[PDB]
Protein chains: 2
Amino acid sequence: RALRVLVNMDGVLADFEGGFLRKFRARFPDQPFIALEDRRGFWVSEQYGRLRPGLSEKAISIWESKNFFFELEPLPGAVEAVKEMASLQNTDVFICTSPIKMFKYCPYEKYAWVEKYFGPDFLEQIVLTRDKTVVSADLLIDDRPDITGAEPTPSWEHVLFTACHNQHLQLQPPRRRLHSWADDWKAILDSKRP
Amino acid sequence: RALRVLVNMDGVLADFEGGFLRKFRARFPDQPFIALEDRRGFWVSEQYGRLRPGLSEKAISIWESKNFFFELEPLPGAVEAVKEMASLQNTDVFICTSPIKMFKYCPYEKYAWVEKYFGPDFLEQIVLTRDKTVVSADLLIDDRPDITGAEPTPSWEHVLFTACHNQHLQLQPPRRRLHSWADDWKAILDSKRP
Ligand SMILES: O=c1ccn([C@@H]2O[C@H](COP(=O)(O)O)[C@@H](O)[C@H]2O)c(=O)[nH]1
Ligand SMILES: O=c1ccn([C@@H]2O[C@H](COP(=O)(O)O)[C@@H](O)[C@H]2O)c(=O)[nH]1
Ligand SMILES: [Mg+2]
Ligand SMILES: [Mg+2]
């Protein structure tokens with residue numbers, strides 16, 4: 001009865017691409033890097049691995065480091081939009097995020113980040129999972145183009161959230177984008193309501 | 001097409017009740033405690049709060065402490081059963097667990113625990129969520145009697161896993177139990193297959 005919306009964290013709420021580039025450049029000032037305009041494909045590490053030998057492992061070391069997730073800046077409009085979305089009648093919002101393989105800091109810092117920006121009561125809305133297809137909802141707003149897993153027919157419509165790495169991608173009809181949080185996300189939600 | 005089974009962690013895989021009692025008694029040897037045979041109701045803290053003033057907060061302090069989740073012993077047969085279950089043809093297993101409010105240690109230690117007992121490749125199968133009703137599957141094996149959330153009609157059948165706190169409960173037909181991991185869990189799975 002309530003519309004359920006899954007909102008991805010990295011690349012949708014949290015500025016993973018920007019934070020990564022900044023910290024990569026600072027730690028490795030003598031290595032080549034990929035400017036955001038030149039990013040292509042979900043996997044940062046893979047593009048860096050193509051750019052130079054040993055660069056994938058260096059890239060990985062940035063997001064495995066303590067404070068990487070906690071110190072990510074919110075994307076413009078993301079906190080305000082999600083707060084408003086959650087407050088709408090007949091609308092349930094969950095933050096759905098996939099932790100990295102190295103688990104020392106990432107889960108903890110993602111909870112801390114959500115507490116920081118959305119408050120203690122929002123922690124109840126976090127779902128941490130590597131497989132988003134087993135989470136049921138009406139909508140999933142997520143910057144990754146290919147979302148697959150154990151469920152071959154997920155219940156959600158995946159709305160692609162624009163990011164540097166996907167901005168040039170042609171989608172198969174009838175796949176839809178949310179171009180930024182300034183774009184009209186209420187229209188997208190409303191299209192799914194009775 | 002593959003049968004999907006959600007297996008709860010505390011009280012099903014990990015011996016939360018036993019670990020809690022042991023550590024409570026050791027930390028607070030002068031306080032009254034609740035023997036496992038006398039446990040009633042999901043909420044440990046609530047029963048302790050009825051037992052004596054200030055005991056709820058003392059109980060909470062045990063599972064908020066570092067190493068509490070990591071040091072939980074597996075329940076008898078749980079690791080062997082879940083390993084076997086995951087290896088079955090046409091069967092996908094996810095571990096579905098609700099972290100406590102205090103997030104400093106709990107998420108991290110639950111990942112570490114799953115790595116310890118099931119190996120690195122099993123980390124992909126963990127779902128951390130306060131709301132299990134938004135995770136879709138054929139079966140949920142979980143020791144908590146009342147499993148509710150944002151989805152009024154979850155896709156799973158909830159099979160109640162016996163625990164000290166629920167062993168006396170009469171369920172509404174046609175709700176079903178798994179009495180322990182020595183009980184015939186394959187029959188329960190098979191009952192859900194085409
Ligand atoms: O090349 C990459 C790019 C992203 N990620 C990880 O993928 C997950 C996606 O996070 P979210 O967008 O689901 O929040 C993050 O934990 C991020 O660190 C990688 O492991 N490798
Ligand atoms: O009185 C209680 C009893 C259990 N729990 C918590 O409920 C969650 C259930 O874990 P799981 O059975 O979903 O793995 C655990 O994080 C456990 O610490 C409480 O907060 N209070
Ligand atoms: Mg993302
Ligand atoms: Mg449990």
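Residues numbered from 1 in each chain as written, not as in the entry; some residues may be left out. Chains lettered and ligands numbered in written order. Heavy atoms only, no water. Residues with missing side-chain atoms left out of burial classes, pairs and counts.

Deposited coordinates in this entry are attributed by the record to X-ray crystallography, at a stated resolution of 1.70 Å.

> Help me understand the relation of the copies chain A and chain B in this model?
Comparison of the two chain copies shows a relationship of rotation about an axis with a shift along it. Of the two same-sequence chains, chain A is brought onto chain B (RMSD 0.0 Å, axial shift 0.0 Å) by a rotation of 180°. Here the transformation between the copies is reduced to the relation of a two-fold axis. (Least-squares fit on C-alpha atoms.)

> How should the site of ligand 2 be read in this particular structure?
Residue and element names in this part refer to chain B. Taken together, 16 residues are adjacent to ligand 2, and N8, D10, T97, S98 and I100 come closest. With respect to ligand 2, the backbone of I100 contributes an N or O atom lying 3.3 Å from an oxygen atom. The protein chains hide 92% of the 480 Å² of surface that ligand 2 would expose on its own. Classifying every residue of the shell around ligand 2 by side-chain character gives nine nonpolar, four polar and three charged. Inspection of the shell around ligand 2 shows a minimum of three residues originating in each of domain 1 (1–15 + 71–194) and domain 2 (16–70). (Near = heavy atom within 4 Å. Polar contact = N/O pair within 3.5 Å; in protein donor to acceptor, adjacent residues only side chain to side chain. Areas by Shrake-Rupley, 256 points an atom, 1.4 Å probe, with all protein chains shown as cover. Nonpolar A, V, L, I, M, F, W, Y, C, P; charged D, E, K, R; others polar. Domains from an automatic or database assignment.)

> Would you mind showing me how to read the site of ligand 1 here?
All names here are of chain A. Near ligand 1 you find 16 residues, and of these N8, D10, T97, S98 and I100 are the closest. The contact in question runs from an oxygen atom of ligand 1 to an N or O atom on the backbone of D10, over 2.8 Å. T97 places a polar side-chain atom, nitrogen or oxygen, 2.6 Å from an oxygen atom of ligand 1. Coverage of ligand 1 by the protein chains reaches 93% of its 480 Å² of free accessible surface. Here the shell around ligand 1 is built from residues that sort into nine nonpolar, four polar and three charged. Both domain 1 (1–15 + 71–194) and domain 2 (16–70) contribute no fewer than three residues apiece to the shell around ligand 1.

> How should the coordination of the magnesium ion (ligand 3) be read in this particular structure?
Octahedral metal centres with six donors ideally show angles of 90 or 180 degrees, and tetrahedral centres with four donors ideally show 109.5 degrees. Residue and element names in this part refer to chain A. Bound to the magnesium ion (ligand 3) on the protein side are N8 (OD1), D10 (O) and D143 (OD), at distances that span 2.0 to 2.2 Å. Read in sequence order, the donor residues for the magnesium ion (ligand 3) give the motif N-x1-D-x132-D. Here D10, found in the loop between β1 (3–8) and α1 (16–27), pairs with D143, found in the loop between β4 (139–142) and β5 (157–161); they are 133 residues apart in sequence, far enough to count as distant. The pair formed by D10 and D143 is uniform in burial state, with each residue classed as buried. (Donors = N, O, S within 2.8 Å, 3.2 Å for Na, K, Ca; no water. Helix = DSSP H or I, 4+ residues; strand = E, 2+ residues; numbered from the N terminus. Buried < 20%, exposed > 50% of the residue type's maximum accessible area, 1.4 Å probe, protein only.)

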